[PDB]
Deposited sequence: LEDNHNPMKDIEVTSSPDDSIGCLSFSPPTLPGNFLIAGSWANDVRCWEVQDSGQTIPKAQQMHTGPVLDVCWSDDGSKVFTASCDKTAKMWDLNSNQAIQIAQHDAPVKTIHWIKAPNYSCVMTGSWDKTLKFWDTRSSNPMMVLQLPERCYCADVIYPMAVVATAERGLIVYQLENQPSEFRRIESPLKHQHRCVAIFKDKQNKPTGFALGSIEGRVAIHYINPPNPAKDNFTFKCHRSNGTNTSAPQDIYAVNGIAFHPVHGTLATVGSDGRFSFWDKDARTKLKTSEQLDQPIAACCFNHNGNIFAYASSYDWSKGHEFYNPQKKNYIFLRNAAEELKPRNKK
């Protein structure tokens, strides 16, 4: 039985030849929807997504190394890209021209656009143990922050910032006047950190984050909860029904309903309610890991990429296995009950 697309979701055309590392949907300032993917074949691709479900390959840029993160500028004219080639790039979509904007001493694992009242920069996190900020014109960073280890996962919702490193490092950042350290948090997970996602309260204000480890477990953590011993919790996920424990590769919050999606090495995506503390859906098992997922600006679209994630090392890598991006209509299923 063919289990490449058990949910039978929309399949993006011209999918990355190599494994897909990262996914990022255009901001609400563009009309329509555009999806960016980086891959381990060094490229970054753009597809327009219509409301009909069709996808049109738009353009493509290349690094000299695997692309590990992507994101957009607030206004939608630029795509930023973070590569294993120790560089980051700003892709001007009108001109289809990319230029370097960042230099690291190791691979760049995370990239994020910060629009603040008094400044706009891109934040890069690297395995060289720094967090840097570029103004997109100068070769010198506006700011360099020292991390406790190599940058694994990173998430930004102005004015909050969450960074996970190796050895379960977890730092929350304040961004209001200048980026600055706010709190180092003793980790709620006992295993390696892989992904992180900030969520908002009812005011649309960042109040906490979801953190995912390699150990089939996600932590839900509020920054200023009324009752920490009760309001911060973890939960098990991406396990079989002897139990197999898989890695959580990606977390994403529905921008409107505040529910969340997790995707894992087990080849399944799951939908949750961190408030009701319930599970809304678990997909059927794809025949390879789900490496990255992403919601569009209004949460009508859930993108999730089917690619090997090295979770079993090189022996289980089949380079002739094809990679897919699936699009799924999420407007109804991510609403709470």
property	result
Sequence ranges without modelled C-alpha atoms (deposited numbering)	1, 243 to 248, 345 to 347
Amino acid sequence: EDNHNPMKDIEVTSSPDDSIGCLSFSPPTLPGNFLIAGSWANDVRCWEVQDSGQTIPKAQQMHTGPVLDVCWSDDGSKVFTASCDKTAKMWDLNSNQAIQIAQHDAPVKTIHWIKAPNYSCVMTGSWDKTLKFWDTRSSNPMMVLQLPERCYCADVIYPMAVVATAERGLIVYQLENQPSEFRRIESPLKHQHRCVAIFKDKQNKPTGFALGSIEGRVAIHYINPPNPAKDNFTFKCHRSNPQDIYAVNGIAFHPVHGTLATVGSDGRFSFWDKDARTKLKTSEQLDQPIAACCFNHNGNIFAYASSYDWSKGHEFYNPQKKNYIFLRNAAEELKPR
From here on, numbers count along this sequence of modelled residues.
query: Stretch exceeding the other in mean C-alpha B-factor - 201 to 209, 164 to 172; finding: 201 to 209
query: Residue stretch of maximal mean CA temperature factor, 52 to 60 vs 306 to 314; finding: 52 to 60
query: Top residue by Cα temperature factor, when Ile36, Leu286, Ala276, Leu68 are compared in the entry; finding: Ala276
query: Residue selected from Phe182, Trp113, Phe133, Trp127 by maximal Cα B factor; finding: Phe182
query: Chain third (lowest, middle, highest) by recorded CA B-factor, residue given as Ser24; finding: lowest
query: Chain third (lowest, middle, highest) by recorded CA B-factor, residue given as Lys109; finding: lowest
query: Chain thirds of CA B-factor: placement of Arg194; finding: lowest
query: Assigned third (lowest, middle, highest) for the C-alpha B factor of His257; finding: middle
query: Cα B factor band for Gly216 (lowest, middle or highest third within the chain); finding: middle
